[PDB]
Structure formats: C-alpha cells, structure tokens
>>> print(open('run-v5.csv').read())   # CSV, N, CA and C atoms
chain,number,residue,atom,x,y,z
N,1,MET,N,23.5,0.2,4.3
N,1,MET,CA,23.5,-1.2,4.8
N,1,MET,C,23.1,-1.2,6.3
N,2,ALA,N,22.5,-0.1,6.8
N,2,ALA,CA,22.2,0.1,8.2
N,2,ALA,C,23.4,-0.2,9.1
N,3,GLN,N,23.1,-0.5,10.3
N,3,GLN,CA,24.2,-0.8,11.3
N,3,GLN,C,24.6,-2.3,11.2
N,4,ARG,N,25.3,-2.6,10.1
N,4,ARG,CA,25.9,-3.9,9.8
N,4,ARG,C,24.9,-5.0,9.8
N,5,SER,N,23.6,-4.7,9.7
N,5,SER,CA,22.6,-5.7,9.7
N,5,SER,C,21.3,-5.0,9.1
N,6,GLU,N,20.5,-5.8,8.4
N,6,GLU,CA,19.2,-5.4,7.8
N,6,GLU,C,18.2,-5.0,8.9
N,7,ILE,N,17.3,-4.1,8.6
N,7,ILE,CA,16.3,-3.8,9.6
N,7,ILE,C,15.2,-4.9,9.7
N,8,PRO,N,14.7,-5.0,10.9
N,8,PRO,CA,13.7,-6.1,11.1
N,8,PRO,C,12.4,-6.0,10.2
N,9,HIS,N,12.0,-7.1,9.6
N,9,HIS,CA,10.8,-7.1,8.8
N,9,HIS,C,9.7,-7.8,9.6
N,10,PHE,N,8.5,-7.3,9.5
N,10,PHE,CA,7.4,-7.8,10.2
N,10,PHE,C,6.8,-9.0,9.4
N,11,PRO,N,7.0,-10.2,9.8
N,11,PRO,CA,6.6,-11.4,9.1
N,11,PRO,C,5.2,-11.8,9.4
N,12,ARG,N,4.3,-11.5,8.5
N,12,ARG,CA,2.8,-11.8,8.6
N,12,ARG,C,2.2,-11.2,9.9
N,13,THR,N,1.7,-10.0,9.7
N,13,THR,CA,1.2,-9.2,10.8
N,13,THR,C,-0.3,-9.0,10.5
N,14,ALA,N,-1.1,-9.2,11.6
N,14,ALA,CA,-2.6,-9.0,11.5
N,14,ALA,C,-3.1,-7.7,12.1
N,15,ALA,N,-2.1,-7.0,12.7
N,15,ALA,CA,-2.4,-5.7,13.4
N,15,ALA,C,-2.0,-4.5,12.5
N,16,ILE,N,-3.0,-3.8,12.0
N,16,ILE,CA,-2.7,-2.5,11.3
N,16,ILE,C,-3.2,-1.4,12.2
N,17,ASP,N,-2.5,-0.3,12.3
N,17,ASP,CA,-2.8,0.8,13.2
N,17,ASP,C,-2.5,2.1,12.6
N,18,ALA,N,-3.3,3.1,13.0
N,18,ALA,CA,-3.0,4.5,12.7
N,18,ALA,C,-2.9,4.7,11.2
N,19,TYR,N,-4.0,4.9,10.5
N,19,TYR,CA,-4.1,5.1,9.1
N,19,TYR,C,-4.5,6.5,8.8
N,20,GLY,N,-3.7,7.2,7.9
N,20,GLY,CA,-4.0,8.6,7.5
N,20,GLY,C,-2.8,9.4,7.2
N,21,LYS,N,-2.5,10.3,8.1
N,21,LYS,CA,-1.3,11.1,7.9
N,21,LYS,C,0.0,10.4,8.1
N,22,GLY,N,0.7,10.3,7.0
N,22,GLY,CA,2.0,9.5,7.0
N,22,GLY,C,1.7,8.1,6.5
N,23,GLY,N,0.5,7.8,6.1
N,23,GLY,CA,0.1,6.6,5.5
N,23,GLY,C,-0.3,5.6,6.6
N,24,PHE,N,0.5,4.5,6.8
N,24,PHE,CA,0.2,3.5,7.7
N,24,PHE,C,1.2,3.6,8.9
N,25,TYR,N,0.9,4.2,10.0
N,25,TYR,CA,1.8,4.4,11.1
N,25,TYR,C,1.6,3.2,12.1
N,26,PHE,N,2.4,2.2,11.9
N,26,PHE,CA,2.3,1.0,12.8
N,26,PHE,C,3.7,0.5,13.0
N,27,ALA,N,4.0,0.2,14.3
N,27,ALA,CA,5.2,-0.5,14.7
N,27,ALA,C,6.4,0.3,14.3
N,28,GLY,N,6.8,1.3,15.2
N,28,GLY,CA,8.0,2.0,15.1
N,28,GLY,C,7.9,3.3,14.2
N,29,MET,N,7.7,3.1,12.9
N,29,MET,CA,7.8,4.2,12.0
N,29,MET,C,6.7,4.2,11.0
N,30,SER,N,6.4,5.4,10.4
N,30,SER,CA,5.3,5.5,9.4
N,30,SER,C,5.6,4.7,8.2
N,31,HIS,N,4.7,4.1,7.6
N,31,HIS,CA,4.8,3.3,6.4
N,31,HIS,C,3.9,3.9,5.3
N,32,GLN,N,4.5,4.6,4.3
N,32,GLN,CA,3.6,5.2,3.3
N,32,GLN,C,3.9,4.6,1.9
N,33,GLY,N,3.2,5.1,0.9
N,33,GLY,CA,3.3,4.5,-0.4
N,33,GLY,C,2.4,3.4,-0.6
N,34,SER,N,2.9,2.2,-0.8
N,34,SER,CA,2.1,1.0,-0.9
N,34,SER,C,2.7,-0.2,-0.2
N,35,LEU,N,1.9,-0.9,0.6
N,35,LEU,CA,2.5,-2.0,1.4
N,35,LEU,C,1.9,-3.3,0.9
N,36,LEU,N,2.8,-4.3,0.8
N,36,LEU,CA,2.3,-5.6,0.5
N,36,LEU,C,2.4,-6.5,1.7
N,37,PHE,N,1.2,-6.7,2.3
N,37,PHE,CA,1.1,-7.6,3.4
N,37,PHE,C,1.1,-9.1,3.0
N,38,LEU,N,2.2,-9.7,3.0
N,38,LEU,CA,2.4,-11.1,2.5
N,38,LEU,C,2.5,-12.0,3.7
N,39,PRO,N,2.2,-13.3,3.5
N,39,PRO,CA,2.4,-14.3,4.6
N,39,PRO,C,3.9,-14.4,5.0
N,40,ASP,N,4.8,-14.1,4.1
N,40,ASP,CA,6.2,-14.1,4.4
N,40,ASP,C,6.5,-12.9,5.3
N,41,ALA,N,6.2,-11.7,4.9
N,41,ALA,CA,6.4,-10.5,5.7
N,41,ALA,C,5.7,-9.3,5.0
N,42,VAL,N,5.7,-8.2,5.7
N,42,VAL,CA,5.1,-7.0,5.1
N,42,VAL,C,6.2,-6.2,4.4
N,43,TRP,N,6.1,-6.3,3.0
N,43,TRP,CA,7.2,-5.7,2.2
N,43,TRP,C,6.6,-4.5,1.5
N,44,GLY,N,7.5,-3.7,1.0
N,44,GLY,CA,7.1,-2.5,0.3
N,44,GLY,C,6.9,-2.6,-1.2
N,45,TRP,N,5.8,-2.0,-1.7
N,45,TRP,CA,5.5,-2.0,-3.1
N,45,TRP,C,6.1,-0.8,-3.8
N,46,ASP,N,6.3,-0.9,-5.1
N,46,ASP,CA,7.0,0.2,-5.8
N,46,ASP,C,6.0,1.1,-6.6
N,47,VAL,N,4.8,1.0,-6.2
N,47,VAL,CA,3.7,1.8,-6.8
N,47,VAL,C,3.4,3.0,-6.0
N,48,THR,N,3.3,4.2,-6.6
N,48,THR,CA,3.1,5.4,-5.8
N,48,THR,C,1.7,5.8,-5.8
N,49,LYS,N,1.0,5.7,-7.0
N,49,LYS,CA,-0.4,6.1,-7.1
N,49,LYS,C,-1.2,5.1,-7.9
N,50,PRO,N,-2.5,5.2,-7.9
N,50,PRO,CA,-3.4,4.4,-8.7
N,50,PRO,C,-3.1,4.6,-10.2
N,51,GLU,N,-3.7,3.6,-11.0
N,51,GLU,CA,-3.4,3.6,-12.4
N,51,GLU,C,-2.0,3.1,-12.8
N,52,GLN,N,-1.1,3.2,-11.9
N,52,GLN,CA,0.3,2.7,-12.0
N,52,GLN,C,0.3,1.2,-11.8
N,53,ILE,N,-0.9,0.7,-11.4
N,53,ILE,CA,-1.0,-0.8,-11.1
N,53,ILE,C,-1.2,-1.5,-12.5
N,54,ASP,N,-0.1,-1.8,-13.1
N,54,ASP,CA,-0.1,-2.5,-14.3
N,54,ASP,C,0.4,-4.0,-14.1
N,55,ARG,N,0.2,-4.8,-15.1
N,55,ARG,CA,0.6,-6.2,-15.0
N,55,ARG,C,2.1,-6.4,-14.7
N,56,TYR,N,2.9,-5.4,-15.2
N,56,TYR,CA,4.3,-5.5,-14.9
N,56,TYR,C,4.6,-5.0,-13.5
N,57,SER,N,3.7,-4.1,-13.0
N,57,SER,CA,3.9,-3.6,-11.6
N,57,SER,C,3.5,-4.6,-10.6
N,58,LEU,N,2.8,-5.6,-11.1
N,58,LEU,CA,2.3,-6.7,-10.2
N,58,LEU,C,3.4,-7.8,-10.2
N,59,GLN,N,4.6,-7.5,-10.6
N,59,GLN,CA,5.7,-8.5,-10.7
N,59,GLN,C,5.8,-9.3,-9.4
N,60,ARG,N,6.1,-8.6,-8.3
N,60,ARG,CA,6.3,-9.3,-7.0
N,60,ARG,C,5.0,-10.0,-6.6
N,61,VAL,N,3.9,-9.5,-7.1
N,61,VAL,CA,2.6,-10.1,-6.8
N,61,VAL,C,2.4,-11.5,-7.4
N,62,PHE,N,2.6,-11.5,-8.7
N,62,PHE,CA,2.6,-12.8,-9.5
N,62,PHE,C,3.7,-13.7,-9.0
N,63,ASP,N,4.8,-13.2,-8.6
N,63,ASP,CA,6.0,-13.9,-8.2
N,63,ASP,C,5.6,-14.7,-6.9
N,64,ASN,N,4.8,-14.2,-6.1
N,64,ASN,CA,4.5,-14.8,-4.8
N,64,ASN,C,3.0,-15.3,-4.8
N,65,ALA,N,2.4,-15.3,-6.0
N,65,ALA,CA,1.0,-15.6,-6.1
N,65,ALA,C,0.6,-17.0,-5.8
N,66,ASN,N,1.7,-17.8,-5.6
N,66,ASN,CA,1.5,-19.2,-5.2
N,66,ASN,C,1.0,-19.4,-3.8
N,67,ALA,N,1.3,-18.4,-3.0
N,67,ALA,CA,0.9,-18.4,-1.6
N,67,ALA,C,-0.3,-17.4,-1.4
N,68,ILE,N,-0.7,-16.8,-2.5
N,68,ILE,CA,-1.8,-15.9,-2.4
N,68,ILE,C,-3.1,-16.5,-2.9
N,69,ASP,N,-4.1,-16.6,-2.0
N,69,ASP,CA,-5.4,-17.1,-2.3
N,69,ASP,C,-6.3,-15.9,-2.5
N,70,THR,N,-6.3,-15.0,-1.6
N,70,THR,CA,-7.1,-13.8,-1.7
N,70,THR,C,-6.2,-12.6,-1.8
N,71,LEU,N,-6.5,-11.7,-2.7
N,71,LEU,CA,-5.7,-10.4,-2.8
N,71,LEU,C,-6.6,-9.2,-2.6
N,72,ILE,N,-6.4,-8.5,-1.5
N,72,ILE,CA,-7.1,-7.3,-1.2
N,72,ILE,C,-6.4,-6.1,-1.7
N,73,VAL,N,-7.1,-5.4,-2.6
N,73,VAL,CA,-6.5,-4.2,-3.1
N,73,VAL,C,-7.2,-2.9,-2.5
N,74,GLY,N,-6.4,-2.2,-1.7
N,74,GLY,CA,-6.8,-1.0,-1.1
N,74,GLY,C,-6.4,0.2,-1.9
N,75,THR,N,-7.4,0.8,-2.5
N,75,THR,CA,-7.1,1.9,-3.4
N,75,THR,C,-7.0,3.3,-2.7
N,76,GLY,N,-7.0,3.2,-1.4
N,76,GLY,CA,-6.8,4.4,-0.6
N,76,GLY,C,-8.1,5.2,-0.3
N,77,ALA,N,-8.1,6.4,-0.9
N,77,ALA,CA,-9.2,7.3,-0.6
N,77,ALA,C,-10.3,7.3,-1.6
N,78,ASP,N,-10.0,6.8,-2.8
N,78,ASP,CA,-11.0,6.7,-3.9
N,78,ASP,C,-11.0,5.3,-4.4
N,79,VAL,N,-12.2,4.9,-5.0
N,79,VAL,CA,-12.3,3.5,-5.5
N,79,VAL,C,-11.9,3.4,-6.9
N,80,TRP,N,-10.7,2.8,-7.1
N,80,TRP,CA,-10.3,2.5,-8.5
N,80,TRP,C,-10.6,1.0,-8.8
N,81,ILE,N,-11.4,0.8,-9.8
N,81,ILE,CA,-11.8,-0.5,-10.1
N,81,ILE,C,-10.9,-1.1,-11.1
N,82,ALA,N,-10.3,-2.3,-10.8
N,82,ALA,CA,-9.4,-3.0,-11.7
N,82,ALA,C,-10.1,-3.4,-13.0
N,83,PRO,N,-9.5,-3.1,-14.2
N,83,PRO,CA,-10.0,-3.4,-15.5
N,83,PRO,C,-10.4,-4.8,-15.6
N,84,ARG,N,-11.4,-5.1,-16.5
N,84,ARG,CA,-11.9,-6.4,-16.6
N,84,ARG,C,-10.8,-7.4,-17.0
N,85,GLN,N,-10.0,-7.1,-17.9
N,85,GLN,CA,-8.9,-8.0,-18.4
N,85,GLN,C,-8.0,-8.3,-17.2
N,86,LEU,N,-7.6,-7.3,-16.5
N,86,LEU,CA,-6.6,-7.4,-15.4
N,86,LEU,C,-7.3,-8.3,-14.3
N,87,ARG,N,-8.6,-8.0,-14.0
N,87,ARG,CA,-9.3,-8.8,-13.0
N,87,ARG,C,-9.5,-10.2,-13.4
N,88,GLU,N,-9.7,-10.4,-14.7
N,88,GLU,CA,-10.0,-11.7,-15.2
N,88,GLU,C,-8.7,-12.5,-15.3
N,89,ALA,N,-7.6,-11.8,-15.6
N,89,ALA,CA,-6.3,-12.5,-15.6
N,89,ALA,C,-5.9,-13.0,-14.3
N,90,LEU,N,-6.1,-12.2,-13.2
N,90,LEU,CA,-5.8,-12.6,-11.9
N,90,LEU,C,-6.7,-13.8,-11.5
N,91,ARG,N,-7.9,-13.8,-11.9
N,91,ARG,CA,-8.8,-14.9,-11.7
N,91,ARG,C,-8.2,-16.2,-12.3
N,92,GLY,N,-7.5,-16.0,-13.4
N,92,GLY,CA,-6.8,-17.2,-14.1
N,92,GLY,C,-5.7,-17.7,-13.3
N,93,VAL,N,-5.2,-17.0,-12.4
N,93,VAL,CA,-4.1,-17.4,-11.5
N,93,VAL,C,-4.7,-18.0,-10.2
N,94,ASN,N,-6.0,-18.0,-10.2
N,94,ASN,CA,-6.8,-18.6,-9.0
N,94,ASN,C,-6.7,-17.6,-7.8
N,95,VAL,N,-6.3,-16.4,-8.1
N,95,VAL,CA,-6.2,-15.4,-7.1
N,95,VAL,C,-7.5,-14.6,-6.9
N,96,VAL,N,-8.2,-14.7,-5.8
N,96,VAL,CA,-9.4,-14.0,-5.5
N,96,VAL,C,-9.1,-12.5,-5.3
N,97,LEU,N,-9.4,-11.8,-6.3
N,97,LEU,CA,-9.2,-10.3,-6.3
N,97,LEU,C,-10.4,-9.6,-5.8
N,98,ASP,N,-10.2,-8.7,-4.8
N,98,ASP,CA,-11.3,-7.8,-4.4
N,98,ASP,C,-10.7,-6.4,-4.2
N,99,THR,N,-11.4,-5.4,-4.7
N,99,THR,CA,-11.0,-4.0,-4.6
N,99,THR,C,-11.9,-3.3,-3.5
N,100,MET,N,-11.2,-2.7,-2.5
N,100,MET,CA,-12.0,-2.1,-1.4
N,100,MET,C,-11.2,-0.9,-0.9
N,101,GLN,N,-11.8,0.0,-0.1
N,101,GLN,CA,-11.2,1.1,0.5
N,101,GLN,C,-10.3,0.6,1.7
N,102,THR,N,-9.2,1.2,2.0
N,102,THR,CA,-8.2,0.7,3.0
N,102,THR,C,-8.9,0.4,4.3
N,103,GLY,N,-9.8,1.3,4.8
N,103,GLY,CA,-10.4,1.1,6.1
N,103,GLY,C,-11.0,-0.3,6.3
N,104,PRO,N,-12.1,-0.5,5.6
N,104,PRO,CA,-12.8,-1.8,5.6
N,104,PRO,C,-11.9,-3.0,5.2
N,105,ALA,N,-10.9,-2.7,4.3
N,105,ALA,CA,-9.9,-3.6,3.9
N,105,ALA,C,-9.1,-4.1,5.1
N,106,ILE,N,-8.7,-3.2,6.0
N,106,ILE,CA,-8.0,-3.5,7.2
N,106,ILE,C,-8.8,-4.5,8.0
N,107,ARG,N,-10.1,-4.2,8.2
N,107,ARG,CA,-11.0,-5.1,9.0
N,107,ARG,C,-11.1,-6.4,8.4
N,108,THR,N,-11.4,-6.4,7.1
N,108,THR,CA,-11.6,-7.7,6.3
N,108,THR,C,-10.3,-8.5,6.3
N,109,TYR,N,-9.2,-7.8,6.2
N,109,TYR,CA,-7.9,-8.5,6.2
N,109,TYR,C,-7.7,-9.2,7.6
N,110,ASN,N,-8.0,-8.4,8.7
N,110,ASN,CA,-7.8,-8.9,10.0
N,110,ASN,C,-8.7,-10.2,10.3
N,111,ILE,N,-9.8,-10.3,9.5
N,111,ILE,CA,-10.6,-11.4,9.7
N,111,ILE,C,-10.1,-12.6,8.9
N,112,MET,N,-9.8,-12.4,7.6
N,112,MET,CA,-9.3,-13.5,6.7
N,112,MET,C,-7.9,-13.9,7.0
N,113,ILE,N,-7.1,-13.1,7.6
N,113,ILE,CA,-5.7,-13.4,7.9
N,113,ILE,C,-5.7,-14.6,8.9
N,114,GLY,N,-6.6,-14.6,9.8
N,114,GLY,CA,-6.7,-15.7,10.8
N,114,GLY,C,-7.5,-16.9,10.2
N,115,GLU,N,-8.4,-16.6,9.3
N,115,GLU,CA,-9.2,-17.6,8.7
N,115,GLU,C,-8.4,-18.5,7.8
N,116,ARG,N,-8.0,-18.0,6.6
N,116,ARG,CA,-7.3,-18.8,5.6
N,116,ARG,C,-5.8,-18.7,5.7
N,117,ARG,N,-5.3,-17.6,6.2
N,117,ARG,CA,-3.9,-17.3,6.3
N,117,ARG,C,-3.2,-17.2,4.9
N,118,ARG,N,-4.0,-17.3,3.9
N,118,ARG,CA,-3.5,-17.2,2.5
N,118,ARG,C,-3.9,-15.9,1.8
N,119,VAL,N,-4.1,-14.9,2.6
N,119,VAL,CA,-4.6,-13.6,2.1
N,119,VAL,C,-3.4,-12.6,2.1
N,120,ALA,N,-3.3,-11.9,1.0
N,120,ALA,CA,-2.3,-10.8,0.8
N,120,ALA,C,-3.0,-9.5,0.6
N,121,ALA,N,-2.5,-8.5,1.3
N,121,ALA,CA,-3.2,-7.2,1.2
N,121,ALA,C,-2.2,-6.2,0.6
N,122,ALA,N,-2.7,-5.6,-0.5
N,122,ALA,CA,-2.0,-4.6,-1.2
N,122,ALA,C,-2.6,-3.2,-1.0
N,123,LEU,N,-2.1,-2.5,0.0
N,123,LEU,CA,-2.8,-1.3,0.4
N,123,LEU,C,-1.9,-0.1,0.0
N,124,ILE,N,-2.6,0.9,-0.7
N,124,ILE,CA,-1.9,2.1,-1.1
N,124,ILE,C,-2.4,3.2,-0.2
N,125,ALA,N,-1.4,4.1,0.2
N,125,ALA,CA,-1.7,5.2,1.1
N,125,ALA,C,-2.5,6.3,0.3
N,126,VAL,N,-3.3,7.1,1.0
N,126,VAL,CA,-4.0,8.2,0.4
N,126,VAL,C,-3.1,9.3,-0.1
N,127,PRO,N,-3.4,9.8,-1.3
N,127,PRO,CA,-2.7,10.9,-1.9
N,127,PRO,C,-3.1,12.2,-1.3
N,128,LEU,N,-2.6,12.5,-0.1
N,128,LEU,CA,-2.9,13.7,0.7
N,128,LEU,C,-2.4,15.0,-0.1
N,129,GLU,N,-1.5,14.8,-1.0
N,129,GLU,CA,-1.0,15.9,-1.8
N,129,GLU,C,-1.8,16.1,-3.1
N,130,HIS,N,-2.9,15.3,-3.2
N,130,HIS,CA,-3.9,15.4,-4.3
N,130,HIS,C,-3.3,15.5,-5.7
N,131,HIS,N,-2.1,15.0,-5.8
N,131,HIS,CA,-1.3,15.1,-7.0
N,131,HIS,C,-1.6,13.9,-7.9
N,132,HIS,N,-2.3,14.2,-9.0
N,132,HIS,CA,-2.6,13.1,-9.9
N,132,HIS,C,-2.3,13.6,-11.4
N,133,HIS,N,-2.0,14.8,-11.5
N,133,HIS,CA,-1.6,15.5,-12.8
N,133,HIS,C,-2.8,15.6,-13.7
N,134,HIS,N,-2.6,16.2,-14.8
N,134,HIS,CA,-3.6,16.4,-15.8
N,134,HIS,C,-3.0,16.9,-17.1
N,135,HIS,N,-3.5,16.4,-18.2
N,135,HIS,CA,-3.1,16.8,-19.5
N,135,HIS,C,-4.3,17.5,-20.3
>>> encode(input="run-v5.csv", output="structure tokens")
Amino acid sequence: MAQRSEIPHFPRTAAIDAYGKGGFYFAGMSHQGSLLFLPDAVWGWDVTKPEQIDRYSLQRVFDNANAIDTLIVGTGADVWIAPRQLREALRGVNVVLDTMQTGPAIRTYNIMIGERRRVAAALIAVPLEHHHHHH
C-alpha cells in the first residue's frame, strides 16, 4: 500500500525519455514491460511480449477506447503486424490503429499528443533477453 498513499501517476505525458536498457527510463524510475499512454494517465499494461496481444488482452484498451481516437502500437525491436481481423475489429471501434517501432512512435506520439490529444500509445519494451521460446 506504499507509505499510506498511492504512488504518483503521470497524467497525460508528452515527454518520453531514455529508451533501451530497462525499457522506458523516464521520470524517477525505469518503466519496463508495456506502457499505456492514456489521456487519463500513463498506466501499465499486463502484456509481456508480442503475440500475447489478444482481444482479451486489449481489455483495458477497449474499456477506454471512447477516449482513444488514435492507437499507436509500439512492437519494440521488431515489427509485429496486427492480424487483419484484429486490425479490422479496432477499425470498427473507430480507433485508428497504427503499428510502428517504439522510436518513431515516440516522435509521432509527441506530435499527435498536442494535435488531437485523443491519442493513446501502447509501447512494449524490447526483449533484451531474446526470450520468445520455441516448440
């Protein structure tokens, strides 16, 4: 419960800094895994690696999709293209889905965040441990 109070959440931030080792190191402490840059605040996503991005994993995304006009998906180090059905389904929610690498995504986010303010960024950190398994 921390020190009798919740830790400060960054409510709508346009400044992303230090990407790489540790994930997204900005403001105080390293932020790794997957981050949901929402108009409300920068919240944490419960997805660890690519392909885990399923319709059920997008729970909190659809939940707040009313405030989401543009959805930037940062697949980290490699380009994972969202399946046609998933992409088309998001289109049906009127959500402009774009898949990009985190770097250019950071720039594009910084641009559109001031433009429309209706942009949400789902950025996943690079798998520096190269662990994706194999069968």
>>> closest_residue(input="run-v5.csv", among="N:119, N:96, N:14, N:81", to="residue 38 of chain N", atoms="all atoms listed in the file")
N:119
>>> residues_around(input="run-v5.csv", residues="residue 20 of chain N", least_positions_apart="4", cutoff="7 Å", atoms="only N, CA and C atoms", output="mmCIF file with N, CA and C atoms, keeping the file's coordinate frame")
data_model
loop_
_atom_site.group_PDB
_atom_site.id
_atom_site.type_symbol
_atom_site.label_atom_id
_atom_site.label_comp_id
_atom_site.auth_asym_id
_atom_site.auth_seq_id
_atom_site.Cartn_x
_atom_site.Cartn_y
_atom_site.Cartn_z
ATOM 1 N N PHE N 24 0.500 4.500 6.800
ATOM 2 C CA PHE N 24 0.200 3.500 7.700
ATOM 3 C C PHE N 24 1.200 3.600 8.900
ATOM 4 N N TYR N 25 0.900 4.200 10.000
ATOM 5 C CA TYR N 25 1.800 4.400 11.100
ATOM 6 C C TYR N 25 1.600 3.200 12.100
ATOM 7 N N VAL N 126 -3.300 7.100 1.000
ATOM 8 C CA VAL N 126 -4.000 8.200 0.400
ATOM 9 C C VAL N 126 -3.100 9.300 -0.100
#
>>> atom_distance(input="run-v5.csv", atom1="atom CA of residue 11 of chain N", atom2="atom CA of residue 42 of chain N")
6.1 Å
>>> residues_around(input="run-v5.csv", residues="residue 21 of chain N", least_positions_apart="6", cutoff="8 Å", atoms="all atoms listed in the file", output="list in words")
residues 30, 31, 32, 126 and 128 of chain N
>>> closest_residue(input="run-v5.csv", among="N:77, N:71, N:53, N:111", to="residue 130 of chain N", atoms="only C-alpha atoms")
N:77
>>> atom_distance(input="run-v5.csv", atom1="atom C of residue 43 of chain N", atom2="atom N of residue 134 of chain N")
27.9 Å
>>> atom_distance(input="run-v5.csv", atom1="atom CA of residue 57 of chain N", atom2="atom C of residue 120 of chain N")
15.2 Å
>>> select_by_dssp(input="run-v5.csv", residues="segment 41-73 of chain N", states="alpha helix (DSSP H)", output="PDB file with N, CA and C atoms, in the coordinates of the input")
ATOM      1  N   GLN N  59       4.600  -7.500 -10.600  1.00  0.00           N
ATOM      2  CA  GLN N  59       5.700  -8.500 -10.700  1.00  0.00           C
ATOM      3  C   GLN N  59       5.800  -9.300  -9.400  1.00  0.00           C
ATOM      4  N   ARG N  60       6.100  -8.600  -8.300  1.00  0.00           N
ATOM      5  CA  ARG N  60       6.300  -9.300  -7.000  1.00  0.00           C
ATOM      6  C   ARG N  60       5.000 -10.000  -6.600  1.00  0.00           C
ATOM      7  N   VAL N  61       3.900  -9.500  -7.100  1.00  0.00           N
ATOM      8  CA  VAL N  61       2.600 -10.100  -6.800  1.00  0.00           C
ATOM      9  C   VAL N  61       2.400 -11.500  -7.400  1.00  0.00           C
ATOM     10  N   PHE N  62       2.600 -11.500  -8.700  1.00  0.00           N
ATOM     11  CA  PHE N  62       2.600 -12.800  -9.500  1.00  0.00           C
ATOM     12  C   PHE N  62       3.700 -13.700  -9.000  1.00  0.00           C
ATOM     13  N   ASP N  63       4.800 -13.200  -8.600  1.00  0.00           N
ATOM     14  CA  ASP N  63       6.000 -13.900  -8.200  1.00  0.00           C
ATOM     15  C   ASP N  63       5.600 -14.700  -6.900  1.00  0.00           C
TER      16      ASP N  63
END
>>> closest_residue(input="run-v5.csv", among="N:82, N:58, N:121, N:72", to="residue 97 of chain N", atoms="all atoms listed in the file")
N:72
>>> select_by_dssp(input="run-v5.csv", residues="segment 1-72 of chain N", states="strand (DSSP E)", output="MDAnalysis selection string")
chainID N and resid 19:20 23:25 30:31 34:37 42:45 70:72
>>> closest_residue(input="run-v5.csv", among="N:101, N:110, N:94, N:5", to="residue 69 of chain N", atoms="all atoms listed in the file")
N:94
>>> closest_residue(input="run-v5.csv", among="N:132, N:12, N:102, N:123", to="residue 35 of chain N", atoms="only N, CA and C atoms")
N:123
